[PDB]
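Raw target_32.txt, compact mmCIF, C-alpha atoms:
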# COMPACT_ATOMS: atom_id res chain seq x y z
CA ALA J 106 -19.83 19.03 10.61
CA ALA J 107 -20.20 22.44 8.98
CA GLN J 108 -18.36 25.75 9.31
CA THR J 109 -20.49 28.80 8.52
CA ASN J 110 -18.89 31.91 7.01
CA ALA J 111 -15.82 29.86 6.14
CA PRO J 112 -13.17 31.31 3.83
CA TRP J 113 -14.37 30.85 0.27
CA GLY J 114 -11.73 28.20 -0.45
CA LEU J 115 -12.82 26.02 2.44
CA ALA J 116 -16.40 26.37 1.18
CA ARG J 117 -15.14 25.69 -2.36
CA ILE J 118 -13.45 22.32 -1.76
CA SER J 119 -16.61 21.07 -0.02
CA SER J 120 -18.93 22.19 -2.84
CA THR J 121 -19.51 21.31 -6.48
CA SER J 122 -20.47 24.90 -7.41
CA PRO J 123 -18.73 28.19 -6.51
CA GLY J 124 -20.16 31.14 -4.59
CA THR J 125 -21.04 29.16 -1.46
CA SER J 126 -19.84 30.09 2.02
CA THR J 127 -20.26 27.04 4.29
CA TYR J 128 -17.44 24.51 4.71
CA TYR J 129 -18.76 20.95 5.07
CA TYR J 130 -16.31 18.38 6.39
CA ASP J 131 -16.35 15.09 8.25
CA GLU J 132 -15.91 15.65 11.97
CA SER J 133 -12.68 13.60 12.02
CA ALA J 134 -11.08 16.78 10.64
CA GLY J 135 -7.70 15.20 9.95
CA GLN J 136 -7.16 14.06 13.54
CA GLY J 137 -4.25 11.64 13.80
CA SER J 138 -2.32 12.85 10.74
CA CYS J 139 0.66 15.20 10.50
CA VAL J 140 1.37 17.86 7.89
CA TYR J 141 4.89 19.27 7.70
CA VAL J 142 4.65 22.90 6.59
CA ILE J 143 7.89 23.66 4.76
CA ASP J 144 7.98 27.44 4.67
CA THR J 145 9.11 30.52 6.63
CA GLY J 146 8.00 28.87 9.89
CA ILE J 147 4.84 28.88 12.00
CA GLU J 148 3.75 31.08 14.89
CA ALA J 149 2.49 28.07 16.82
CA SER J 150 1.41 30.48 19.59
CA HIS J 151 -1.44 31.62 17.31
CA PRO J 152 -4.69 30.72 19.17
CA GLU J 153 -6.03 29.42 15.85
CA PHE J 154 -3.68 26.42 15.99
CA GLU J 155 -4.98 25.51 19.46
CA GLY J 156 -1.61 24.05 20.43
CA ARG J 157 -1.59 21.58 17.52
CA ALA J 158 1.29 23.43 15.83
CA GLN J 159 4.99 23.44 16.67
CA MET J 160 8.35 24.13 15.09
CA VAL J 161 10.52 21.07 14.51
CA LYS J 162 13.39 22.45 12.39
CA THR J 163 14.82 25.82 11.41
CA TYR J 164 17.70 26.61 9.07
CA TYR J 165 18.25 30.13 10.36
CA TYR J 166 19.21 31.94 13.54
CA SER J 167 15.59 31.65 14.70
CA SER J 168 12.67 29.30 14.09
CA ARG J 169 10.31 32.26 14.52
CA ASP J 170 8.18 33.00 11.47
CA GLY J 171 9.07 36.62 10.80
CA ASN J 172 7.50 36.59 7.30
CA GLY J 173 3.96 35.35 7.91
CA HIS J 174 3.88 33.11 4.84
CA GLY J 175 4.45 29.87 6.76
CA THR J 176 1.96 30.81 9.47
CA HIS J 177 -0.60 31.59 6.75
CA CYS J 178 -0.15 28.29 4.92
CA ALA J 179 -0.14 26.20 8.09
CA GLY J 180 -3.34 28.09 8.87
CA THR J 181 -4.89 26.79 5.66
CA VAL J 182 -3.83 23.21 6.47
CA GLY J 183 -5.06 22.88 10.04
CA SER J 184 -6.10 26.07 11.79
CA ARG J 185 -9.43 26.12 13.59
CA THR J 186 -11.11 28.77 11.42
CA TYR J 187 -9.02 28.86 8.22
CA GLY J 188 -7.97 25.21 7.85
CA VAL J 189 -9.00 22.19 5.80
CA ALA J 190 -8.18 19.55 8.47
CA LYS J 191 -8.85 21.33 11.76
CA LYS J 192 -7.62 18.58 14.14
CA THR J 193 -4.37 17.71 12.34
CA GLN J 194 -0.84 18.14 13.66
CA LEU J 195 1.23 20.99 12.21
CA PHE J 196 5.02 20.68 12.12
CA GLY J 197 6.98 23.76 11.08
CA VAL J 198 10.04 23.32 8.88
CA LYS J 199 11.67 26.73 8.35
CA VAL J 200 13.68 26.45 5.14
CA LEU J 201 12.70 29.96 4.01
CA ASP J 202 14.20 33.04 5.63
CA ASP J 203 12.06 35.88 6.95
CA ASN J 204 12.23 37.43 3.46
CA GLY J 205 10.52 34.38 1.93
CA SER J 206 13.67 33.32 0.06
CA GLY J 207 15.87 30.27 0.56
CA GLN J 208 18.68 28.28 -1.05
CA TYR J 209 18.05 25.10 -3.01
CA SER J 210 20.50 23.27 -0.72
CA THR J 211 18.44 24.39 2.28
CA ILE J 212 15.13 23.33 0.73
CA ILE J 213 16.60 19.92 -0.14
CA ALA J 214 17.91 19.58 3.43
CA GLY J 215 14.45 20.34 4.79
CA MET J 216 12.80 17.66 2.66
CA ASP J 217 15.40 15.12 3.78
CA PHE J 218 14.79 16.21 7.38
CA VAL J 219 11.02 15.69 7.06
CA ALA J 220 11.53 12.25 5.50
CA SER J 221 13.56 11.25 8.56
CA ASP J 222 11.87 13.29 11.31
CA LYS J 223 8.48 11.69 10.61
CA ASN J 224 9.91 8.42 11.98
CA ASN J 225 10.12 10.22 15.35
CA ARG J 226 6.49 11.42 15.21
CA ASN J 227 3.09 9.93 16.03
CA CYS J 228 1.05 10.13 12.81
CA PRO J 229 -0.94 6.88 12.62
CA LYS J 230 -3.13 8.36 9.85
CA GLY J 231 -0.09 9.29 7.74
CA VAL J 232 2.22 12.19 6.95
CA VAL J 233 1.61 15.03 4.49
CA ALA J 234 4.11 17.72 3.46
CA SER J 235 3.02 21.16 2.24
CA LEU J 236 5.65 23.01 0.17
CA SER J 237 4.55 26.63 -0.32
CA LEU J 238 7.64 27.58 -2.30
CA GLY J 239 8.91 27.91 -5.85
CA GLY J 240 12.08 28.09 -7.89
CA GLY J 241 13.56 27.42 -11.28
CA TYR J 242 13.99 23.90 -12.55
CA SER J 243 16.45 21.78 -10.59
CA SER J 244 17.06 18.05 -10.94
CA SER J 245 18.24 18.07 -7.30
CA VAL J 246 15.25 19.89 -5.80
CA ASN J 247 13.06 17.47 -7.77
CA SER J 248 15.00 14.49 -6.39
CA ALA J 249 14.41 15.71 -2.83
CA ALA J 250 10.66 16.06 -3.35
CA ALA J 251 10.65 12.64 -5.03
CA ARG J 252 12.61 11.09 -2.15
CA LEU J 253 10.31 12.58 0.49
CA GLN J 254 7.26 11.50 -1.51
CA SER J 255 8.69 7.98 -1.74
CA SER J 256 9.68 7.85 1.95
CA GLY J 257 5.94 7.74 2.71
CA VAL J 258 4.95 11.41 2.84
CA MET J 259 2.23 12.88 0.64
CA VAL J 260 4.05 15.83 -0.94
CA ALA J 261 2.08 18.80 -2.24
CA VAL J 262 4.00 21.50 -4.10
CA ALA J 263 2.90 24.77 -5.68
CA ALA J 264 2.84 25.06 -9.45
CA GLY J 265 4.33 28.52 -9.05
CA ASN J 266 2.98 32.01 -9.75
CA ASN J 267 4.51 32.67 -13.19
CA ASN J 268 1.48 32.27 -15.54
CA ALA J 269 3.70 29.87 -17.50
CA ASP J 270 4.15 26.14 -17.99
CA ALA J 271 5.10 24.58 -14.66
CA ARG J 272 7.61 22.23 -16.32
CA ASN J 273 10.31 24.90 -15.81
CA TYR J 274 9.94 25.00 -12.02
CA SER J 275 11.07 22.79 -9.16
CA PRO J 276 9.83 21.04 -7.12
CA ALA J 277 6.73 21.84 -9.20
CA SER J 278 7.90 19.69 -12.12
CA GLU J 279 8.71 16.53 -10.14
CA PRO J 280 6.29 13.99 -11.68
CA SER J 281 5.74 11.97 -8.49
CA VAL J 282 4.51 14.72 -6.12
CA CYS J 283 1.22 16.64 -6.20
CA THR J 284 1.67 19.84 -8.22
CA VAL J 285 -1.10 22.27 -7.26
CA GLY J 286 -2.33 25.12 -9.41
CA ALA J 287 -4.45 27.95 -8.08
CA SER J 288 -8.04 29.02 -8.68
CA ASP J 289 -10.21 31.97 -7.67
CA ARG J 290 -13.68 32.22 -6.17
CA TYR J 291 -15.39 32.36 -9.59
CA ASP J 292 -13.89 29.02 -10.72
CA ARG J 293 -11.14 30.62 -12.82
CA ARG J 294 -7.52 29.63 -13.04
CA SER J 295 -5.80 32.33 -11.01
CA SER J 296 -4.19 34.96 -13.23
CA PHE J 297 -0.75 33.98 -11.86
CA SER J 298 -1.28 30.21 -11.73
CA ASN J 299 1.29 28.11 -13.54
CA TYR J 300 -0.17 25.29 -15.60
CA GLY J 301 0.87 22.45 -17.90
CA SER J 302 0.62 18.68 -17.94
CA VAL J 303 2.65 18.22 -14.74
CA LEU J 304 -0.13 19.88 -12.74
CA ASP J 305 -2.25 17.33 -10.90
CA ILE J 306 -4.91 19.50 -9.26
CA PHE J 307 -6.12 23.04 -8.68
CA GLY J 308 -6.90 24.49 -5.28
CA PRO J 309 -8.31 27.81 -4.08
CA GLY J 310 -5.42 30.23 -4.38
CA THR J 311 -6.71 33.78 -4.90
CA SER J 312 -7.56 35.95 -1.86
CA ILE J 313 -7.12 33.16 0.68
CA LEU J 314 -7.90 34.32 4.22
CA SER J 315 -5.80 32.50 6.82
CA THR J 316 -3.76 33.01 9.98
CA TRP J 317 -0.92 35.52 10.04
CA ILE J 318 1.91 36.29 12.45
CA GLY J 319 1.39 38.55 15.46
CA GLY J 320 -1.79 36.62 16.21
CA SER J 321 -3.54 38.19 13.21
CA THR J 322 -5.10 37.21 9.86
CA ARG J 323 -4.62 38.38 6.29
CA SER J 324 -5.84 37.34 2.84
CA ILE J 325 -3.12 36.76 0.23
CA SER J 326 -2.90 35.00 -3.12
CA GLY J 327 -0.65 32.48 -4.83
CA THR J 328 -0.32 28.85 -5.82
CA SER J 329 1.48 28.81 -2.46
CA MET J 330 -2.01 29.24 -0.95
CA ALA J 331 -3.55 26.54 -3.15
CA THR J 332 -0.99 24.01 -1.87
CA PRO J 333 -2.08 23.93 1.83
CA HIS J 334 -5.67 23.52 0.63
CA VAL J 335 -4.60 20.24 -1.01
CA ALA J 336 -2.14 19.13 1.69
CA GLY J 337 -4.83 19.58 4.32
CA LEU J 338 -7.39 17.75 2.19
CA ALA J 339 -4.88 14.91 1.76
CA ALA J 340 -4.51 14.79 5.55
CA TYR J 341 -8.30 14.92 5.90
CA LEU J 342 -8.85 12.16 3.33
CA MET J 343 -6.02 10.07 4.80
CA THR J 344 -7.44 10.27 8.33
CA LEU J 345 -10.81 9.12 6.97
CA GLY J 346 -8.87 6.20 5.48
CA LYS J 347 -10.02 6.96 1.94
CA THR J 348 -6.43 7.07 0.66
CA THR J 349 -2.78 6.82 1.70
CA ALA J 350 0.34 8.94 1.25
CA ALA J 351 1.43 7.27 -2.00
CA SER J 352 -1.99 7.65 -3.67
CA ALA J 353 -3.61 10.73 -2.09
CA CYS J 354 -2.70 12.93 -5.06
CA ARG J 355 -4.25 10.48 -7.53
CA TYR J 356 -7.27 9.94 -5.28
CA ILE J 357 -7.80 13.70 -4.96
CA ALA J 358 -7.54 14.12 -8.73
CA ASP J 359 -10.01 11.29 -9.38
CA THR J 360 -12.47 12.63 -6.78
CA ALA J 361 -12.04 16.22 -7.95
CA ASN J 362 -14.61 18.67 -9.28
CA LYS J 363 -13.95 17.88 -12.94
CA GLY J 364 -14.10 20.56 -15.63
CA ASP J 365 -15.47 23.35 -13.43
CA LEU J 366 -12.57 25.74 -14.09
CA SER J 367 -12.40 28.59 -16.60
CA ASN J 368 -9.24 29.50 -18.56
CA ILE J 369 -7.45 26.14 -18.30
CA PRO J 370 -4.92 25.92 -21.18
CA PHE J 371 -5.06 22.88 -23.43
CA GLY J 372 -3.35 19.89 -21.84
CA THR J 373 -3.62 21.03 -18.21
CA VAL J 374 -6.01 19.03 -16.05
CA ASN J 375 -9.26 20.80 -15.19
CA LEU J 376 -9.67 19.44 -11.66
CA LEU J 377 -10.68 21.36 -8.53
CA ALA J 378 -9.84 19.77 -5.18
CA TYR J 379 -13.01 18.43 -3.58
CA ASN J 380 -13.65 16.39 -0.43
CA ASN J 381 -16.99 14.94 -1.65
CA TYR J 382 -18.49 15.19 1.82
CA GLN J 383 -21.94 13.72 2.37
CA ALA J 384 -23.33 13.84 5.91

Transcribe the structure of this file into structure tokens.
Amino acid sequence: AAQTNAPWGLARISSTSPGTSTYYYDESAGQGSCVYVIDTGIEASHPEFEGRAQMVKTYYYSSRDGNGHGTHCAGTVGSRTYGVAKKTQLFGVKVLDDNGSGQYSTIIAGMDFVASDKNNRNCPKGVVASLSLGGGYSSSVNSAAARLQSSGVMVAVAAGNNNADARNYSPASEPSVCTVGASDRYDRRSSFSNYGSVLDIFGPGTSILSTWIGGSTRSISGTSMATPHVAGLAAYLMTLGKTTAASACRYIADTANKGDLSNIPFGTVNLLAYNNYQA
């Protein structure tokens, strides 16, 4: 299947060269897998989610996404027009307030919730977790991401938007999860993209058009937008049975567009997430 006039990042991860506009993807489209979006929430009422999105946990007076960031990222995972795996299930975990912020204790509690809640869900093709969030280094936030990743959930985290080495950021620096840097439409490392050896992959992260609250859309930038590109791809690849939770990050990095990226500092992998779709 193909999506014409797709957002450039959808077209990117299905192409070996930049500049293209059509998103090529196997028709399975991540059907049968679940991605837990760990963010400000999701407006599951957005027609773009087609009923395949729902809130499962909030840590605030409401589960309503009043920030838009979680709706946007869940849109990149599995929305109809702006998503990598367009038939996947979308579970909202609201550990960020409507200002985008959130305590470490809350973010750890959300990861522990997802690791348990998945045992109450129907995800025969596996469980992915998209973590569009950042913070300073924390051994405890890292332990939560590691736990969740080891409980059987493919964990994708953002490298962070600091233009620095990602080793000083959690859960970005947890060695066992998938740390995602950001790229732009001309195959450059995004100006803000954290880097370093702990990075496993780069995804489209600059000017990413996806769903937004109120039933709208808006294009924003950040390694937080590169993460749902990878989480969705992991769900897509897992549904196709090409990988599993424990190995999706490594499989995505081995199947990646190698070396295509400009301005990659020495010692950071030069891999662009790629679904390698042939029809």

Selection near residue 107 in chain J, 8 Å with only C-alpha atoms, sequence-local residues under 3 positions removed, as an MDAnalysis selection string: chainID J and resid 127:130

How about saving the chosen residues, C-alpha atoms kept, as a short mmCIF file (atom, residue, chain, number, x, y, z; two decimals), in the coordinates of the input?
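Contents of the output file result-v9.cif:
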data_model
loop_
_atom_site.label_atom_id
_atom_site.label_comp_id
_atom_site.auth_asym_id
_atom_site.auth_seq_id
_atom_site.Cartn_x
_atom_site.Cartn_y
_atom_site.Cartn_z
CA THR J 127 -20.26 27.04 4.29
CA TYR J 128 -17.44 24.51 4.71
CA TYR J 129 -18.76 20.95 5.07
CA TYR J 130 -16.31 18.38 6.39
#

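Minimum atom-to-atom distances from J:342, J:314, J:249, J:378 to residue 233 in chain J were compared using all atoms listed in the file, and the lowest value belongs to J:342.
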
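These residues, each with an atom at most 6 Å from (0.0, 26.5, -2.9) using all atoms listed in the file, are residues 237, 263, 328, 329, 330, 331, 332 and 333 of chain J.
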
Spatial sel., origin (-9.8, 27.8, -10.3), limit 9 Å, all atoms listed in the file, listed as a list in words: residues 286, 287, 288, 289, 290, 291, 292, 293, 294, 295, 298, 307, 308, 309, 310, 311, 365, 366, 367, 368, 369, 375, 376 and 377 of chain J

Give one line per residue of range 194-256 of chain J that approaches range 167-182 of chain J to at most 9 Å, naming the two atoms of the closest pair and their distance in Å to one decimal, counting all atoms listed in the file; sort by chain then ascending residue number and deliver it as JSON lines.
{"residue": "J:195", "atom": "CA", "partner": "J:179", "partner_atom": "CA", "distance": 6.8}
{"residue": "J:196", "atom": "CA", "partner": "J:179", "partner_atom": "CA", "distance": 8.6}
{"residue": "J:197", "atom": "CA", "partner": "J:175", "partner_atom": "CA", "distance": 7.9}
{"residue": "J:198", "atom": "CA", "partner": "J:168", "partner_atom": "CA", "distance": 8.4}
{"residue": "J:199", "atom": "CA", "partner": "J:168", "partner_atom": "CA", "distance": 6.4}
{"residue": "J:201", "atom": "CA", "partner": "J:175", "partner_atom": "CA", "distance": 8.7}
{"residue": "J:202", "atom": "CA", "partner": "J:172", "partner_atom": "CA", "distance": 7.8}
{"residue": "J:203", "atom": "CA", "partner": "J:172", "partner_atom": "CA", "distance": 4.6}
{"residue": "J:204", "atom": "CA", "partner": "J:172", "partner_atom": "CA", "distance": 6.2}
{"residue": "J:205", "atom": "CA", "partner": "J:172", "partner_atom": "CA", "distance": 6.5}
{"residue": "J:235", "atom": "CA", "partner": "J:178", "partner_atom": "CA", "distance": 8.3}
{"residue": "J:237", "atom": "CA", "partner": "J:178", "partner_atom": "CA", "distance": 7.2}

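Closest approach to residue 214 in chain J among J:382, J:154, J:164, J:242 is made by J:164 (distances from all atoms listed in the file).
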
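The space between CA of residue 252 in chain J and CA of residue 279 in chain J spans 10.4 Å.
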
From the options J:364, J:276, J:334, J:383, which residue's atoms come nearest to residue 122 in chain J, counting all atoms listed in the file? J:364

Provide an axis-aligned box for all listed atoms of range 125-129 of chain J, padding each side by 6 Å; report its centre and its edge lengths in Å to one decimal, as lines of an AutoDock Vina configuration file.
center_x = -19.2
center_y = 25.5
center_z = 1.8
size_x = 15.6
size_y = 21.1
size_z = 18.5

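For the residues J:321, J:186, J:352, J:267, ranking by smallest atom-to-atom distance to residue 282 in chain J using all atoms listed in the file places J:352 first.
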
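Straight-line separation from CA of residue 220 in chain J to CA of residue 301 in chain J: 27.7 Å.
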
Set the distance at 12 Å and use all atoms listed in the file: which residues neighbour residue 302 in chain J once local chain neighbours fewer than 5 positions away are removed? I'd like the list as a list in words. residues 264, 269, 270, 271, 272, 273, 277, 278, 279, 280, 283, 284, 285, 286, 369, 370, 371, 372, 373, 374 and 375 of chain J

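Candidate residues J:126, J:133, J:254, J:360 were compared for distance to residue 111 in chain J, and the nearest is J:126, using all atoms listed in the file.
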
Using only C-alpha atoms for the distances, tell me which of J:148, J:247, J:140, J:112 is nearest to residue 223 in chain J. J:140

Would you kindly return, as an MDAnalysis selection string, each protein, DNA or RNA residue with an atom no farther than 12 Å from any atom of residue 194 in chain J, considering all atoms listed in the file and excluding same-chain residues fewer than 4 positions away? chainID J and resid 134:142 149 154:161 179:180 182:185 188 190 223 226:234 337 340:341 344

Give me, please, the distance in Å between CA of residue 327 in chain J and CA of residue 216 in chain J, quoted to one decimal. 21.4 Å
